[PDB]
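Below is one structure, written out as structure tokens; comments come after it.
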Amino acid sequence: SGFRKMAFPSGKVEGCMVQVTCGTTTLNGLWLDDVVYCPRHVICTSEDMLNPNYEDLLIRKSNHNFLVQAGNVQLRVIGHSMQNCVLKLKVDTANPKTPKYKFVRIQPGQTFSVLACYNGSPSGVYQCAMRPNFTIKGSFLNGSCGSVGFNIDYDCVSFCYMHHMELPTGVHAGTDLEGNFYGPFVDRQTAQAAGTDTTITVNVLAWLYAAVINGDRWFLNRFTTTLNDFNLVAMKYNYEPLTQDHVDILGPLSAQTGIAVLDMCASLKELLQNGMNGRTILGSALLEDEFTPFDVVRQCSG
Amino acid sequence: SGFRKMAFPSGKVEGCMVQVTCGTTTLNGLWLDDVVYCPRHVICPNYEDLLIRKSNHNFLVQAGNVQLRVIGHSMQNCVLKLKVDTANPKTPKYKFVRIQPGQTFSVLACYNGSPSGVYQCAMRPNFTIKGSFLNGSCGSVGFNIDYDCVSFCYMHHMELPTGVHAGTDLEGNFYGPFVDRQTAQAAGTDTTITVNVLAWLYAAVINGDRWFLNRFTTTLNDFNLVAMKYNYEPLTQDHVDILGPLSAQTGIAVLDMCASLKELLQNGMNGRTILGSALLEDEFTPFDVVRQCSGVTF
Ligand SMILES: O=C1[C@H](c2cccc(Cl)c2)CCN1c1cncc2ccccc12
Ligand SMILES: O=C1[C@H](c2cccc(Cl)c2)CCN1c1cncc2ccccc12
Ligand SMILES: [Cl-]
């Protein structure tokens, strides 16, 4: 019993964190086999940050300009290449702690663990979701660039995020491990803003099923709804549309609890209308949207 | 910017998790040097009588895909110590520490000696933890990291009828009035960790959330009267002193923040949130707020 915002054990990712220094800039790198991955903006000063021509800045660099530090050992950079917004620093030593890994690009609503790092040293681990507006509500200070987001289903680490930037609202933007940004963001200081954020509906429903599995049923009602009427109501509370894919994905939780997805949708409609009335659901007074249907099954069943 | 419930990096603890099997029971063990620590209910009650009947080979200890050989066994309070022939090469610098209610720690939840998740939590004033544990999680540990030293503070033993959890420090002493036996046991009435709520209000101020601040201050005695009425732990002079750095950083005296908390308790949030929460969060200590809002590494 119990329901916690749970991150994956970070050990496999900790053994990959390194410090990358370029001139005055110091940030984090991910050392896998003989390559160190890091944000390409490590080659920028902060003055050439408004409109940097990364190809032009990178061609002027030599391998010895990049100082890579893995613990108290300086790694030797033997090559460099840029792939989208990530810099790939070929080093002369393969990381002996390299876990089984994959680079996966995630979709909005997906969750992952973040190993926040400063100077190549892990300081904390927390659980995140990719918001529908492609930002993450992280906890990052200056120096955290290059910190990574991941999932560890089974023994394979799936890297899905690399931190690059903080937007003016305090939210964060970054790329997959191929250097492609999530969202319409660019790695430059031009005026950028997170789009209006919406609640991840399928995740809220999964969390309502988690509460039912944990013995809480107060919010359930005798009503059902059509998928269209649910979405017409959902949109008015800035909730993401619920697709037939999401209804299908919620199938196992529906079968386990005996509450049809559209029946749980009618509970959600009622909660949106009434609020909680001094009550909580899984120790929360707000509807939680950073647990996917997959997270709920993993945590509640194994 | 941002404020998350953040756990310590679990790597140093992952290298210590093993699976302990005895009879039909399978649970987790903590392998440090040549000893595996696990709950004594794995033998299970007269635990001295049950243990004397067990031989070393009855305990099957598995570290990954390698079976460890048990060369001795002894009991210390509600913890069983299984001497093994091999010292754990991944043994970090560590200490066994007993924590106080209100202190926080990271839990590395495990099943079959394999770490499955890490979460942060606090020792409640009623000595329970609001954890997330299924059957098979016994022996999962709670810890903090101080520089490069892992301080083990908790070992999971059981789940109470309300879904909350009870366990021991690594010396086998239970937190709370609990016993490791199937009997009627209930978590006592819980209270809110006042010093932690204040630390979280300072974290919200540091993050740009000031709506709850007011011009008022209060005496410590008047605040404790209000706090007692709302099932909040008494705020001591030690807690006021501990909150000093955050008070100096934000420019809001501890008793000034106490007057914000009093108004929040009497009037509610009024549809507003603080750090994305509609409830007052009490599972961040003043040290956790300083560590996160200043980026300390391990
Ligand atoms: O946002 C940025 C900077 C930046 C600027 C423009 C484009 C890029 Cl790709 C990156 C680089 C550091 N950084 C930060 C990243 N995360 C958290 C932070 C907190 C407080 C100050 C800064 C922070
Ligand atoms: O509470 C117990 C049992 C127990 C019984 C008597 C004495 C002791 Cl010390 C412990 C052993 C397993 N266990 C659990 C431990 N944590 C979470 C759980 C969740 C769901 C079911 C069980 C759980
Ligand atoms: Cl995805």
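By convention in this document, chain letters (A, B, ...) are assigned in the order of the sequence lines, proteins followed by strands, and residues within each chain are numbered from 1. Any value given below was found using the heavy atoms of this structure, including those in side chains, with hydrogens, waters and symmetry copies removed. In each ligand, atom 1 is the first atom listed, and ligand 1 is the first ligand listed.
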| message | With no hydrogens and no angle check, just 3.5 Å: does a side-chain donor-acceptor pair link A/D245 and A/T243? | response |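 No - no donor-acceptor pair under 3.5 Å links their side chains.
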
| request: Could you tell me whether the side chains of B/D288 and B/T104 share a donor-acceptor contact shorter than 3.5 Å? | output: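 Yes - a donor-acceptor pair under 3.5 Å links their side chains.
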
| request: Begin with the C-alpha distance, continue with both residues' side-chain angles, and end with the deciding distance and a verdict on ring pair (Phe, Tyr, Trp, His ring centres under 6.0 Å) for B/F8 and B/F298. | output: CA-CA 8 Å; B/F8 281 101; B/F298 316 94; 5.1 Å; yes

| message | Please enumerate all residues that pass side chain to side chain donor-acceptor pair (under 3.5 Å) together with B/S137, with sequence neighbours excluded. | response |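 Counting only residues at least two positions away or on another chain, B/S137 forms no side chain to side chain donor-acceptor pair (under 3.5 Å).
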
| Mind checking what makes side chain to side chain contact (heavy atoms under 4.5 Å, CB included) contact with A/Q299, not counting sequence neighbours? |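 Testing A/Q299 for side chain to side chain contact (heavy atoms under 4.5 Å, CB included), a comparison that skips the adjacent residues, returns A/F3, A/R4, A/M6, A/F291, B/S132.
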
Can you produce the list of protein nitrogen or oxygen atoms under 3.5 Å from a nitrogen or oxygen of ligand 1, alongside each distance?
residue	atom	partner	partner atom	Å
ligand 1	1 (O)	A/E166	N	2.9
ligand 1	16 (N)	A/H163	NE2	2.8

| said: Could you work out, with salt bridge (charged side-chain N to carboxylate O under 4.0 Å, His left out) as the rule, every residue matching B/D209, not counting sequence neighbours? | reply: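 In terms of salt bridge (charged side-chain N to carboxylate O under 4.0 Å, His left out), with neighbours along the sequence ignored, B/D209 is linked to no residue.
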
